[PDB]
Amino acid sequence: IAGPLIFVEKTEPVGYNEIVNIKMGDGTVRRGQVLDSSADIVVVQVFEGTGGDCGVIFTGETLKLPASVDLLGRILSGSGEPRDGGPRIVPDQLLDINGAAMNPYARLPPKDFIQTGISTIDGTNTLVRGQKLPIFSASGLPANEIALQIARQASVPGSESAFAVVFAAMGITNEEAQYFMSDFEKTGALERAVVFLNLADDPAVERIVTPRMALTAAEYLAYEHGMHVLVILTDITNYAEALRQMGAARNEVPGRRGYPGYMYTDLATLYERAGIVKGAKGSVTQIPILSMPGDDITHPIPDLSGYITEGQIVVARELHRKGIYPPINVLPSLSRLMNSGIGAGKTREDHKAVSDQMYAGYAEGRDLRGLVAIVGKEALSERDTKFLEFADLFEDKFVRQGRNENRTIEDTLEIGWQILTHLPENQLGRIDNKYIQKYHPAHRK
Amino acid sequence: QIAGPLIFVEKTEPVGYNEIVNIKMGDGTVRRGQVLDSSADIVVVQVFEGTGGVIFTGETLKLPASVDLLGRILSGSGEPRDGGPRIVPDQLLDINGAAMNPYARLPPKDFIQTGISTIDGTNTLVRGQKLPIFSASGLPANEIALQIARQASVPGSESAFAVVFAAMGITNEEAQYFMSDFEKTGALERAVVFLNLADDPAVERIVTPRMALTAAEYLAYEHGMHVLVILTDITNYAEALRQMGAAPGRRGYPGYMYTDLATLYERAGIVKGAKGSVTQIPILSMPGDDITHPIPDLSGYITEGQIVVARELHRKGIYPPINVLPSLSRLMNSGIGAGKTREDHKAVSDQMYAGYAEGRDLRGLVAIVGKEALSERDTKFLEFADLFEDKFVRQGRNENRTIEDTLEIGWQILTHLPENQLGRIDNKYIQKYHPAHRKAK
Ligand SMILES: NCCc1ccc(S(=O)(=O)F)cc1
Ligand SMILES: [Cl-]
Ligand SMILES: [Cl-]
């Protein structure tokens, strides 16, 4: 009665709303209606149970991920076909992609540390295994540089489980695709990744399948192979631009009669797919890139805010215009699950205190940039001038890091302590005295 | 070619573009700067580095400050818009923020009841906080801002409460509607309302929030009030900065904008003496067409949380369409609990948020496996997300819910979940407040 969308291998032309029978990955059958198609893929909306044309009807099989540990090291299209000049994947298992396969997720909360090597993530809004932590951006800002840098650098310090990356790019140019391929190959980051690249001019249905192939590969490696898998998806806004024109959505208006029910829940079929996996040896973590579209009036898309429930990393033009990379502004950024990923045994015991203190000092110094403008630099107190200066040091030393610079959390906390020495010790009101004596550079060892 | 911070000066003598001038500061020192632009009555000066100081020496632009600002509707330059007399000042206060430092070195802290459950309940506004409403084109952020202006209060505070409502670049039809709403409801009697119209001079648009914040400072510090300042909309303020001294040069916003915004968002907090406070709720609207209105980086204003106005809920016909999941108030814990709201508040908030996030993920699961494949337990959480949106998020335009009202709606919809699944609620609160256990007193 208009349920789930599934994705089917196309073997003949089909018409809109054509009734079809589909053999699922688990061997059962479904009846449904065609919504749209590319050369090789059909999007079908399933009926529950029996019926919801009826004699001489198309029978098809679902589109599958060829799942194997040998996905690692390969660069594929959005449909899973090679782009790297290698042979097609030889599967251990053929899995449906819409999220129904495996039932992999545990009812356990996300928890341990993922070291991205980027101080403004690991330091102040830590990524934890099983989390969904979007990077929020806008045209012109280097969100894909950050995504690619995390793909090269990320690890799970101390874990007994192997680590893998799934990197899925949607709607990208040829030059972007060549650049991402080059990057993965030259750095050796490819050996632990599966890369799915969908181009702007590839079929829109292929773009819609892209994150499902990627999430299914991640779930397979996490659950069947006990891995912590980090899924980078770029750009969910480009996905949404294909979705709003696919199938039953075409020239229909959100909020109006004729807009199809599945458009309100499609994005949740992506964001639901993250978490610790059963057995607790592996996990699926997502870092989706959400770029602010500049065209809400002309191209209404489903609301992206459903993707934002466990925090956000905010890319700020102010910092970009100052010449700083990564231009992440930690103050509007948040990781709701950070405390589950930090402290003794995970990062270091002083982690929360240092993050809290850097955060508070930076927010105060940024407000003092306003006060300086209101009263003049020479009217600021000594103490306030220290905080004003601290916000510069924060931006120039802690936020700023090289594209190729992979900071351990120790590196990150040490830079944090060094800049914190600019503040008067009696002004560190978020840091327990135990930690000042043990870790502050004036008391250390 | 526009470098330093903007200071506003009373036009007392004719000035020229780029003229070098001194500005007299509230303590008798002077700063030096250069004329950037001017209207007939207000000069915009860019100040130089300098410090304390024959050429023009200008006076800062002043707010005519009196408790009799309350009940008045004024332009962005403070002139009457309500057919009343010009304000008779007890004090003339520099609007640039420099003659009086009312702020204490104290964190924001007690409760402001907006009467809107999706703020009070889950993302509480506290006194001294800056809590932006993040909106986008075609969403009802100004309805929400007006409803907060009508409803907000500080329950049990010994300090009286006031509102300052400042609207920038608005239409005549919007201005009439806001004036009508404040008049008819009586919300005007405790408010100072500053209305800048789209076609008023752009210089008055950038003075508008400075007039507003100076009025709030004056009431809060010199009259011991909690003042709530609602500023709508910082994107239109940014658009006016794209003007100052140009007829304009290229696409983006001026580089000094980020420091200029800080002169607005620094002006919030508890005031010295701790019997008053300035709280801000700025509306930050993303433009609907970035070709003609590029997207500004207003993230400098987002350091203590934000309230997210969401298209999904608006498309589903729910007012207020606030999505609690991406919303946050970083200072909420300072505003809630025994003696402020009610002891169970944090628990009920944590439980509703966890139950709604779970229910919303389960809408994704239904769209994968079909509704009939969901477990009976999962179905309760699915249904909970519907109850949360239809009973808790949804409320009338004029429905003013006490925090008690909000927490009781919360308990009623929480009864739909299995009691054993309430992992965020202390067994003591379940025994005392859960409708299945609570005793009639
Ligand atoms: N028209 C904007 C520039 C400008 C510059 C100077 C003045 S005046 O107040 O000195 F007559 C007025 C306007
Ligand atoms: Cl900007
Ligand atoms: Cl939507």
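Numbers attached to residues count from 1 within each chain as its sequence is written and can disagree with those in the entry; no residue without coordinates is shown. Starting at A for chains and at 1 for ligands, labels are handed out in the order in which the entities are written. The side-chain figures draw on all heavy atoms in the structure; neither hydrogens nor water molecules are used.

- By the method listed in its record, X-ray crystallography, this PDB entry was determined to a resolution of 1.7500 Å.

## Observations regarding the overall build of chain B
Item 1. Along chain B, the regular secondary structure elements total 11 helices and 16 strands.
Item 2. Restricting the calculation to C-alpha atoms gives the radius of gyration, and the globule rule supplies 2.2 Å times the number of residues raised to the power 0.38. Over its C-alpha atoms chain B spans a radius of gyration of 24 Å, differing by no more than 12% from the 22 Å that the globule rule assigns to 441 residues.
Item 3. Dimensions of chain B, computed from C-alpha atoms along their principal axes, come out at roughly 85 × 50 × 40 Å.
Item 4. Throughout, exposure labels follow a simple rule: accessible area from a 1.4 Å probe, protein chains only, divided by the maximum for the residue type, with under 20% read as buried, over 50% as exposed, and the rest as partly exposed. Across the 441 residues in chain B, those meeting the buried criterion constitute 62%.
Item 5. Here the accessible surface of atoms and residues is derived via Shrake-Rupley with a 1.4 Å probe, and residues count as covered only by protein chains that are part of the display. Counting every atom, chain B has about 16400 Å² of accessible surface; 49% of that belongs to carbon and sulfur.
Item 6. Charged residues are defined narrowly, with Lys and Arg counted positive, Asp and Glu counted negative, and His plus the chain ends left uncounted. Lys charges are placed at NZ, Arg charges at CZ, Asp charges at CG and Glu charges at CD. Within chain B, one finds 45 positive and 54 negative side-chain charges whose respective centroids are separated by 5 Å. Where helices and strands are cited, they refer to DSSP runs of H or I of at least four residues and of E of at least two residues respectively, numbered from the N terminus.

## Description of the pattern of salt bridges
Item 1. A pair is scored as a salt bridge if a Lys or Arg side-chain nitrogen falls within 4 Å of a carboxyl oxygen belonging to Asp or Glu. Evaluation of the coordinates by the stated rule reveals 56 salt bridges over all chains.
Item 2. With its nearest N and O atoms 2.8 Å apart, the salt bridge here joins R363 of chain B to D386 of chain B. Taken together, the residues span a long stretch of sequence, with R363 of chain B in helix α8 (residues 345–369) and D386 of chain B in helix α9 (residues 376–393) at a distance of 23 residues.
Item 3. We classify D386 of chain B as partly exposed; its relative accessible area is 46%.
Item 4. The partner of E399 of chain B in a salt bridge is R401 of chain B, and the shortest N-O contact between them spans 2.8 Å.
Item 5. Residue classification places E399 of chain B among the partly exposed residues on the basis of a relative accessible area of 32%.
Item 6. Judged by relative accessible area, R401 of chain B falls into the buried class, the value being 5%.
Item 7. Several salt bridges converge on common partners, so that one network encompasses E318, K322, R366, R369, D392 and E395 of chain A.

## Remarks on the packing of aromatic side chains
Item 1. Each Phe, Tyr or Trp ring (for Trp, its six-membered ring) is paired with any other whose centre lies within 6.5 Å, and the angle between the two planes then decides the class: stacked below 30 degrees, edge-to-face above 60, tilted in between. All chains considered together, the criterion is met by 16 aromatic pairs over all chains.
Item 2. Consider the rings of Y356 of chain B and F388 of chain B, whose centres lie 4.5 Å apart with planes at 35 degrees: the pair is tilted. Placement of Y356 of chain B in helix α8 and of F388 of chain B in helix α9 is noted, with a sequence separation of 32 residues between them.
Item 3. Linked through ring pairs, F167, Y179, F180 and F184 of chain A together constitute an aromatic cluster.
Item 4. Put simply, a charge is over a ring when the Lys NZ or the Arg CZ is close to the ring centre, within 6 Å, and near the line of the ring normal, within 35 degrees. For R383 of chain A, the ring lying beneath its charged end belongs to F387 of chain A, and the centroid distance is 4.0 Å.

## Some points on the interface of chain B and chain A
Item 1. What makes two residues a contact is simply this: any of their non-hydrogen atoms within 4.5 Å. Listed as interface residues are 60 residues of chain B and, on the opposing side, 59 residues of chain A.
Item 2. Values labelled buried area give the accessible surface lost by two parts on being combined, using a 1.4 Å probe and summing over both. For the pairing of chain B and chain A, the buried interface totals around 4600 Å² over both sides, and the portion due to carbon and sulfur atoms is 53%.
Item 3. The largest share of the area that chain B buries against chain A comes from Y258, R315 and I368 of chain B, three residues that together contribute 16% of it.
Item 4. At the surface where chain B touches chain A, the tally comes to 6 salt bridges.

## Overview of the site of ligand 1
Residue and element names in this part refer to chain B.
Item 1. By convention in these notes, a residue is near a molecule or strand provided one of its non-hydrogen atoms lies within 4 Å of it. Near ligand 1 the following residues occur: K11, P14, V15, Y17, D37, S38, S39 and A40.
Item 2. Contact between ligand 1 and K11: an oxygen atom at 2.3 Å from a side-chain N or O atom of the residue.
Item 3. Measuring from an oxygen atom of ligand 1, one finds a backbone N or O atom of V15 at 2.8 Å.
Item 4. With the chains in place, 63% of the 340 Å² that ligand 1 exposes on its own is no longer accessible.
Item 5. Of the residues assigned to the shell around ligand 1, the class counts are 4 nonpolar, 2 polar and 2 charged. The term polar contact refers here to a pair of N or O atoms within 3.5 Å; inside protein, the definition further demands a hydrogen-donor-capable atom paired with an acceptor-capable atom, and it admits residues adjacent in sequence only when both atoms are side-chain atoms. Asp, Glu, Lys and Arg are counted as charged, while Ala, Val, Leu, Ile, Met, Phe, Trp, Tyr, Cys and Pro are counted as nonpolar; the rest, among them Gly, fall into the polar class.

## Details of the side chain of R363 of chain B
Item 1. With relative accessibility at 11%, the residue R363 of chain B sits in the buried group.
Item 2. Every residue in contact with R363 of chain B, bar those within four places of it in the chain, is listed here: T265 and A268 of chain A together with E312, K316, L382, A385, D386 and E389 of chain B.

## Re the sheet that holds strand β5 (residues 56–59) of chain B
Whether parallel or antiparallel, the strands of a sheet pair through hydrogen bonds between backbone atoms.
Item 1. At least two bridges found by DSSP between two strands is the condition for calling them paired. Here 5 strands make up an open sheet; going across it, the order is β1-β4-β3-β2-β5 (chain B) and the pairing mixed. Two strands lie at the open edges of the sheet, namely β1 (6–10) and β5 of chain B, each paired on one side alone. Going from strand to strand, the sheet's axes swing by 50 degrees on average, the running direction of each strand aside.
Item 2. Sheet topology places strand β2 (residues 20–24) of chain B next to strand β3 (residues 30–38) of chain B; 5 bridges connect them, and they run antiparallel. Counterpart to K24 of chain B in the pairing with β3 of chain B is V30 of chain B.
Item 3. Throughout, an axis means a line fitted to C-alpha atoms (over the contacting stretch in the case of helices), and angles, computed between N-to-C directions, take values from 0 to 180 degrees. Those strands touched by helix α8 (residues 351–375) of chain A are β1 and β3 of chain B, and its axis lies near 95 degrees from that of β3 of chain B.
Item 4. Of the strands in this sheet, β1, β3 and β4 (42–47) of chain B touch helix α4 (residues 202–223) of chain B, which is tilted by about 75 degrees from β4 of chain B.

## A few points about the sheet that holds strand β4 (residues 41–46) of chain A
All names here are of chain A.
Item 1. The 5 strands lie next to each other as β1-β4-β3-β2-β5, forming an open sheet whose pairing is mixed. Both outer strands of the open sheet, β1 (5–9) and β5 (58–61), are each paired with one neighbouring strand and no more. Across the sheet, the mean angle from the axis of one strand to that of its neighbour is 45 degrees, orientation sign disregarded.
Item 2. Across the face of the sheet, helix α4 (residues 204–224) comes into contact with β1, β3 (29–37) and β4 while running at roughly 70 degrees to β4.

## With respect to helix α9 (residues 382–399) of chain A
All names here are of chain A.
Item 1. With 18 residues, α9 extends 24 Å from end C-alpha to end C-alpha; this agrees with the ideal 26 Å at 1.5 Å per step.
Item 2. Helix geometry: α9 is bent most strongly at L393, by close to 30 degrees.
Item 3. Residues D384, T385, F387, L388, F390, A391, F394, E395, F398 and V399 constitute the buried set of α9.
Item 4. Close packing links the buried residues of α9 with α1 (119–122), α7 (317–321), α8 and α10 (409–420). To estimate the expected span of a helix, count its residues, drop one, and scale the result by 1.5 Å. Bend is computed residue by residue as the angle between axes fitted to the seven residues ending at the residue and the seven residues starting at it.

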